[PDB]
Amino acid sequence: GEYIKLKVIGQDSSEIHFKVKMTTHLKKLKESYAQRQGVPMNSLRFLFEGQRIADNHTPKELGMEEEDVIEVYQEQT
C-alpha cells in the first residue's frame, strides 16, 4: 500500500527482491542484503541510478517506484 518491491542486482546478476515501505530508511535493506551474501556491508556499495544509497535514504526521498532496481557494486579501493 505504501510498500514497493525493489530488485537488488548483485554482482553475479543474481537478484534478491525486498518489499519495503516508501518511508523506510534503506539501511535495513543494505544490512539484510550484505548478511545474505555473507559479506561485510562496508565491502559493498548500493547504488540507485549510480548514486550511493545512504543508511538514511528512503525510497521516496530517492524517488524510487515499484520494481525499481538497486545495483550492488564492490566497494572501491
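Numbers follow the displayed sequence, beginning with 1.
Averaged over Cα atoms, the B-factor as recorded in the entry is higher for 6 to 14 than for the other of 6 to 14 and 58 to 66. The deposited CA B-factor of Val39 belongs to the middle third of values across its chain. When the modelled residues of the chain are ordered by C-alpha B-factor, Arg45 sits in the middle third.
In this PDB entry, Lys28 carries a Cα temperature factor that places it within the middle third of its chain's modelled residues.
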